[PDB]
There are 2 protein chains.
Amino acid sequence: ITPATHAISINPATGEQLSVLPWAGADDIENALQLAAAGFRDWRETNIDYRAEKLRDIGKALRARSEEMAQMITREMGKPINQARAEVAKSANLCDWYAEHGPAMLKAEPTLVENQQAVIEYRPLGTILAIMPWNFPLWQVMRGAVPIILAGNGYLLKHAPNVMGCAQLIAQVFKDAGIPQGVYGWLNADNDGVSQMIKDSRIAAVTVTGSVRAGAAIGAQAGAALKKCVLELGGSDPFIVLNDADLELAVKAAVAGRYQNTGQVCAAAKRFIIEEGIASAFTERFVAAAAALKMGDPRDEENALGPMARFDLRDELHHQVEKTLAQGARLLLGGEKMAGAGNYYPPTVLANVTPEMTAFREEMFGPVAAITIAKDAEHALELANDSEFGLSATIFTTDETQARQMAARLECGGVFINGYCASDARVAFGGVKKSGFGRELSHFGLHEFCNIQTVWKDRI
Amino acid sequence: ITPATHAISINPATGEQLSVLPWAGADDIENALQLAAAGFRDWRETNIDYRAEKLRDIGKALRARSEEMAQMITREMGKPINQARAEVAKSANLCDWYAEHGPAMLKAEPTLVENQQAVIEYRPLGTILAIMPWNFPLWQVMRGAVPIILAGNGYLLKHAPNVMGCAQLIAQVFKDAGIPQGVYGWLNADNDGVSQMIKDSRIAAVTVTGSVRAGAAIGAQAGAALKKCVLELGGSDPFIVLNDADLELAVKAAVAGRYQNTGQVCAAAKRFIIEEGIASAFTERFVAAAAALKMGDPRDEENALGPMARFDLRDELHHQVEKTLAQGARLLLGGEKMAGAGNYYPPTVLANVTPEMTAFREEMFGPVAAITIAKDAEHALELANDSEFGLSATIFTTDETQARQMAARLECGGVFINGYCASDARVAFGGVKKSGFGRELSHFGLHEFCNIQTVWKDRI
Ligand SMILES: NC(=O)c1ccc[n+]([C@@H]2O[C@H](COP(=O)([O-])OP(=O)(O)OC[C@H]3O[C@@H](n4cnc5c(N)ncnc54)[C@H](O)[C@@H]3O)[C@@H](O)[C@H]2O)c1
Ligand SMILES: NC(=O)c1ccc[n+]([C@@H]2O[C@H](COP(=O)([O-])OP(=O)(O)OC[C@H]3O[C@@H](n4cnc5c(N)ncnc54)[C@H](O)[C@@H]3O)[C@@H](O)[C@H]2O)c1
C-alpha cells in the first residue's frame, strides 16, 4: 500500500506501520459537503451564548480524553509525551478562553455615523475548509476550529495523511461534546479532492497551515474560485543576541526555542544571529546546553527530544546539513542520522553560517541550529530580515529602547523581547512574505472568517 | 493605433479620440518597481503625524485642481459634471477624515497578557499594487491610496486604460502635494505587466476593484505568488420593498440607487424585489420617476444621466436587455440605443423579471432596472440571496424588527434599511460570494494592508 491510494500512519520511533485509510471517493466528498451545508444552515441561526457554552463542552470532552489523545499524538508523529500532554492542555484551555472572551469580540461595532444609524455586524461566512499539518495534530486544528465555529461558521478538516488517528480521535471529542457533524467535520481527501472542494459552492473560504509549496498551490486555487484564504506557512525565525544581553537567559530561550517538538515548529528559533563581541560566549554555552538534551523513546518522560515525525523529512534535513557543511559551515554538535529502526536525529549545531548557505536560506524543520555572527545591531537586523520567511523573531538586549526600534523594523508578525517565543490565545499569530498572510488567535482569528457587514438605517 | 498597443481615451458623448498611451515596456516596469521599493524604504520610517499632515496636503492639492479634475472625469467617461464635482469633493474630504481619525486607529493595542507585557502593533507591509476601474476614476483610487499610504505603505496604480488622463492628473496632484518619489506611482501596464509585477518581490500585496472575471484572474495570481489580495468585484444588489413600506421614499431611493452615475455603480440597486401587494403601485411610480430623469451632454448640469462610458459596454447592456425580453420580461421604459455619435442609453425598466432571466443573473452595469415580484417577505429574502453576487442590499419596510432579521440573513456586506445605499469613510465596504472578500474604509481599509505584529516583552 502506497500514498497513491491511502493515508498511512507509521510510528517514527519504531518504523512499525500503524494504520491505513483509503482516500475519500466521489460519494464521500459529496456526502461531506451535503452534511456541512446542512449543518451550517442550522448552526448560523444559533445564539452566541449557546455556542460559547458548547465551546466549554468541547473543553470538557477533550480533558476527559486527554491521555488517550496525548498517546495518539506521540504514537503517530513522535512528540515527547509530556509535550503532547501540554498540547492537549493548551487546546482545552483555548476552548474556555474563547468561551469567556469571544462573545464580546463578536458584538456589533458602533460607528461615527450620527444618530446611531450604522453599526458593524460580524456574520458567519459559511463552511471553512481547513488544511492542516502533523507537527501539532491537535493544537493546529483547535487554533482555528474553536474561533471559526464560535463565529457561527462550519469547519471541515483535511488533516495531514500521517495523523489520521489523531483526526479520528478529534472528531470523537467533538461528537462527545455535542457539536453537530455538519459543523465540525472531516474528510480523508487527496489533493484532487481538495481541489474539487475549493471549487464547490458549499465551501465559503479556506485556511492552510503547511509548507510554502502547499500554500502557493492552495492559495492559487482559492483565488481562482474567489474564496478568501488565510495562509500560515512556517518560518525561519531569527533569534538576535546583542552584546549587552542577559546571556544565560538568552541561551535558555535559544535552546528551548530551537529544540521544542524536536525542532518541528513553524515559529521555532532557527537562525541565531549573534553580535560579534558575545558570539564566542553564546556559542560555547549554547552547544553545552543543547548537548544536555536527552533523546529517545518519546514515551519515556526523561527525553527532551523524540524521533522526527517523517523518515523522508529526516533525510531532507540531513541533506540540508551536508550541503551547509560543504558550503563552509562548521559542525559543532550532532549532524548525523542515528542508526536503527527509529527516525532519530540528534541536537545539531552549525556555526559560520553565512546568508549564502542552505541552512540560512531554507527552513530547517528539525533539531538543527544555525549560528551567524553579526558585526553590530544594524547588521543583525539586516541579517534577520534577509529571508523569504517572516513569521516571528526574538531579540535579547538590555537596551529596551533599541529593542523597540528593532521590533518596528523586523519584517515579521511577532517579536519577543528577552523571552520565549510562543503562540497564545491572547495575541495575534501569523507572518509576512512567504510565511503567508492573515492572522490567527485573539479577535483576529474570530474575524478573519466573518462577513463584516455594515447595517445602516435611515440614511436619508 | 489599436488597443493591442495603446491605452485609448474616447469621449463617450461625442465619439472623438482624446489621447493614446503605449503600454509600459520592460524598462518602465523595472524602473517603477525600483522607485517603489526605494520610496517605501524611506516612507515607512516617517512619523505617523507627519504622514497625516501629508494627507491634508493631498486634500489641498486636489481641491486646488478640483474643476480641472471634474472636467477630466466627465470628458473621459461621461459622468454628469455635478457628479464628477461631488466625486472630487468626497475624495478630498476622505484625505482630511483619515488625517483626523487614522492615527488613533494605528496606535498600539493592549492585550489581556498580565502586567502589560504584550501589545499589538500595526506596521507597514510594503508597496501595494492597485488595479482600478473607470466608473469612479478618482474615488476608487483615493479610497485605497489614502489609508494605504497613511499606514506607511506605498501605492502603485494600474488604472483602467480609458481613463489615463485621469490617472496622469491624479499623479500631478500627488506631486503637487509633495508625496515622495515612489510612495505614489503609476504604470500603464498591460495584463502581462500586471502578472510580472504580482510575481515580483517588490510588490507586497494586491488590491483589485473591477469585474468578477478580473478578480478571479488576478486573485489566482496573487495566491500563487503568496501575496494577500482584497477583491471588490461586481454587485447585483437587491432592493426589497415590502407591503408596509414608505412607498414615496422607497421610490425616491430606488431611482437614485439604480440611476446614479448612469447606472454604473458596483453597489447600485439592480434587482428590485417587490412584495406582491405593493408591486403595482411601486412599479407605476418607479416608471414615472425614472422617466423624469433628463439625459444628455454631461457638461450640462440639467442632465441627470450622461452617456455610458464605453461603446462596447452599451452594446453588451442592450444585448442583455434584448435577451431578457426574449425570455419573457416586459419593457416598461427605454430599452433602445439612442441614435447618434454619443454612447447614450435611456433610463430603462424591465418587469416580470424571473430568476432564470439574464437581467436577474448578470450584473446590469447601466441604467436598466429589473423588477421581480415576491410572494411575501420570505420569498423576497430567497430571491435576494439567489445571486452569485453579494455586495450590498436595501430593505424598505416600516417593521424594523423584520428588517433587522432579514439583514442578518442577507448574504452581502452592507444592508441599508429605509434609506439610500452609498459608500462612506465611516463604515466598512465590501461583499461576499463572487463580489469578493476583504473590506475597505473605516479602520478596515487601514488595517487590511498592515502587518499586524505582536510585540511581547519578558515572556518567561
Ligand atoms: N506548521 C507549519 O507551518 C508546517 C507544518 C508542517 C510542515 N511545514 C514545512 O513543510 C515541510 C514539508 O512538510 P509536509 O511535507 O508535512 O508539509 P505540507 O505542506 O506537505 O502539508 C501540510 C498539509 O497540506 C496538505 N497539502 C500539501 N500539498 C497540498 C496540495 N497540493 N493540495 C492539497 N493539500 C495539500 C498536506 O496533505 C497536509 O495536510 C516541512 O519540512 C516544513 O518545512 C510547515
Ligand atoms: N466592489 C467595488 O468596490 C467596485 C467598485 C467599482 C466598480 N466595481 C466593478 O467594476 C466593474 C466594471 O469595471 P471595468 O469595466 O473597468 O472592468 P474590468 O474588470 O474589465 O477592469 C477593471 C480593471 O481590471 C483590469 N483588468 C481586467 N482584467 C485584467 C487582467 N486579466 N489582468 C490585469 N488587469 C486586468 C483592467 O485593465 C482595469 O484596470 C463592475 O463589475 C463594477 O461592479 C466594483
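In what follows, chains carry the letters A, B, and so on, assigned in the order in which the sequence lines appear, proteins first and then strands, with residues in each chain numbered from 1. The figures that follow rest on heavy atoms only: side chains count, while hydrogens, waters and symmetry mates do not. Numbering of ligands and ligand atoms starts at 1, following listing order.
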Report the part of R310(A) in contact with ligand 1, treating N, CA, C, O as backbone and CB onward as side chain, heavy atoms under 4.0 Å; options are side chain, backbone, both, neither.
side chain
At what distance is the nearest protein heavy atom to atom 18 (P) of ligand 1, and which residue and atom is it?
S211(A) OG, 3.6 Å
Should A217(B) be counted as touching ligand 2, given the test is an N or O pair under 3.5 Å?
no
Short N or O distance, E363(A) and ligand 1, threshold 3.5 Å exclusive:
yes
Just distances here: any N/O of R213(A) and N/O of ligand 1 closer than 3.5 Å?
yes
State whether the shortest distance between N or O atoms of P133(A) and N or O atoms of ligand 1 falls below 3.5 angstrom.
no
Under a plain distance cut-off of 3.5 Å, with no hydrogens placed, do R213(B) and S211(B) share a side-chain donor-acceptor pair?
no
Hey, is ligand 1 close enough to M132(A) that some N/O pair sits below 3.5 Å?
yes
With a 4.0 Å cut-off, would you call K270(A) and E363(A) a salt bridge?
yes
Just to be sure I read this right, does ligand 1 sit under 4.0 Å from the backbone of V212(A), its side chain, both, or neither, counting only heavy atoms?
neither
Side chain or backbone of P161(B) under 4.0 Å from ligand 2, or both, or neither, by non-hydrogen atoms?
side chain
Using distance alone, with no hydrogens and no angle criterion, decide if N162(B) and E76(B) have a side-chain donor and acceptor under 3.5 Å apart.
no
Heavy-atom pairs closer than 4.0 Å: do any link ligand 2 to the side chain of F136(B), the backbone, both, or neither?
neither
